[PDB]
Amino acid sequence: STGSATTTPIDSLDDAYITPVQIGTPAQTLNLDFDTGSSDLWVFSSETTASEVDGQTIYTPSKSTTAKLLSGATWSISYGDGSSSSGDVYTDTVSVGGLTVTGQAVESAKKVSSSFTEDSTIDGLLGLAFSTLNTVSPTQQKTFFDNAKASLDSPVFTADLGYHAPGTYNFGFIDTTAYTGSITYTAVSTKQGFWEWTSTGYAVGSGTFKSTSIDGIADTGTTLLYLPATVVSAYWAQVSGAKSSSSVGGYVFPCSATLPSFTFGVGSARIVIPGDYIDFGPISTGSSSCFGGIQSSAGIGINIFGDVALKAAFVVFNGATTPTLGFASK
Ligand SMILES: CC(C)c1nc(CN(C)C(=O)N[C@H](C(=O)N[C@@H](Cc2ccccc2)C[C@H](O)[C@H](Cc2ccccc2)NC(=O)OCc2cncs2)C(C)C)cs1
């Protein structure tokens, strides 16, 4: 089997991407944020505290003839930005782009933090990291991909995120028409539960490539590219007037600037992030100070290849016995 679904930016900055997911019988379609940096499939639901729901579409398990309470199971997750959610669990039929998993754990939120409430476009998360990070207790649950894998034509999924445009998530096959050149594969460590890999270096603009190992995670659920402070300083030093603002919480630059590209290495191959991808717009409405899309990871404790990086590539998440990651230009 295979599945193929379009993923759509939630706003004009590509802050996140949402993908329609069918849950239950008859189907309830929710728009989920596919996240290769976490491993819980959780949704806004009929159980979510009413004051914490503001415009999202909800899952109502009582309206699904295939929903079954997963008795005694609870979940609770805390994310890198301080956001969180928690609740109870149902198993139900879940389909993505024509690929169906029966018996998928659907984590129903009873509570969500303010950042989720305030985003009416995201109806929940679909985690695509390793199932060892799933938070359901006392019986840990598998991700949608892990449950589907043995049925897929190939044990893979791909992320092809668009710049100011929709993209695609494919399950079980590699669309050889979706990229240029060849795919370069690189080793993954699963020891922390993430798609954790090592970039071989970077370049800023037309500058020389610096060979240096940069460990980090391929993370579709984070908007920006978070790298060591050394790398980030070398980038922004090429932009007149850019500076790190403690008040704003990172690097800002004059909205009048034209930004240089940023290249990262994948083995001997190179992925080029165009300058325009690094512009996240005014820090507040009407400001002439713009927010940078490359920021320091210091204090996060991990480097994060978020959407700014991934959307410059066709990315293969290879869930073979020894997982690997592939990157191609497109
Ligand atoms: C316009 C508005 C709606 C939006 N702003 C954003 C930008 N934001 C907030 C982020 O990128 N926030 C990032 C974040 O926490 N992302 C998260 C939550 C999230 C989900 C959906 C939408 C938005 C956020 C999702 C990410 O995959 C992070 C990556 C990570 C991993 C380890 C350590 C630190 C970080 N995953 C986790 O935090 O997983 C932690 C886990 C805990 N237990 C099991 S896994 C930070 C790391 C920067 C997106 S949409």
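Residues numbered from 1 in each chain as written, not as in the entry; some residues may be left out. Heavy atoms only, no water. Residues with missing side-chain atoms left out of burial classes, pairs and counts.

Novice: Can you help me understand the pattern of salt bridges in this one?
Specialist: Pairs can form between side chains of opposite charge once their charged atoms are near each other. Enumeration over the complete set of coordinates arrives at 2 salt bridges. Taking the shortest distance from any N to any O, the salt bridge between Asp14 and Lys311 comes out at 2.8 Å. With a gap of 297 residues between them, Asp14 in the loop between strand 1 (3-9) and strand 2 (17-23) and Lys311 in the loop between helix 4 (307-310) and strand 23 (314-318) connect regions that are remote in the sequence. Residues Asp14 and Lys311 agree in their burial class; the two are buried. (Salt bridge = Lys/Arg side-chain N within 4 Å of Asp/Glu carboxyl O. Helix = DSSP H or I, 4+ residues; strand = E, 2+ residues; numbered from the N terminus. Buried < 20%, exposed > 50% of the residue type's maximum accessible area, 1.4 Å probe, protein only.)

Novice: Even after reading the chapter, I still don't get the sheet that holds strand 15 (residues 243-245), so can you show me in this structure?
Specialist: In any sheet, the strands associate via hydrogen bonds between backbone groups, in a parallel or an antiparallel arrangement. Read from one edge to the other, the open sheet built from 4 strands follows the order 15-16-20-19, with strand pairing classed as antiparallel. At either margin of the open sheet sits one strand with a lone partner, and together these are strand 15 and strand 19 (279-282). Across the sheet, the axes of successive neighbouring strands diverge by a mean angle of 45 degrees, strand direction being ignored. Relative to strand 16 (residues 250-254), strand 15 is paired through 3 bridges, and the arrangement is antiparallel. If you follow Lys243 over to strand 16, its bridge partner there is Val252. (Pairing = 2+ DSSP bridges. Axes fitted to C-alpha atoms, helices over the stretch in contact; angles between N-to-C directions.)

Novice: Looking at this model, I keep getting lost on the domain arrangement of the chain. Mind explaining?
Specialist: When the parts come together, some accessible area is lost, and that loss is often what is quoted as the size of the interface. Looking at the chain, the domain boundaries give domain 1 (5-174) and domain 2 (175-330). The straight-line distance from the C-alpha centre of domain 1 to that of domain 2 is 25 Å. Opposite the 29 residues of domain 1 that make contact, domain 2 presents 33 residues. Taken over both partners, the interface formed by domain 1 and domain 2 buries close to 2400 Å², and the fraction arising from carbon and sulfur atoms is 58%. (Domains from an automatic or database assignment. Contact = heavy atoms within 4.5 Å. Buried area = accessible area lost by both parts, 1.4 Å probe.)

Novice: When you look at the state of the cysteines in this model, what are you seeing that I'm missing?
Specialist: Structurally, a disulfide amounts to a covalent bond that connects the sulfur atoms of two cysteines. Summed over the entire model, instances satisfying the criterion amount to 1 disulfide. Shown here is the disulfide that connects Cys255 with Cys290, its sulfur atoms set 2.0 Å apart. The sign of the 110 degrees torsion about the S-S bond sets the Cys255-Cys290 disulfide as right-handed. Of this pair, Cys255 sits in the loop between strand 16 and strand 17 (262-266) while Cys290 is found in strand 20 (residues 289-292), placing the two residues 35 residues apart along the sequence. (Disulfide = S-S within 2.5 Å.)

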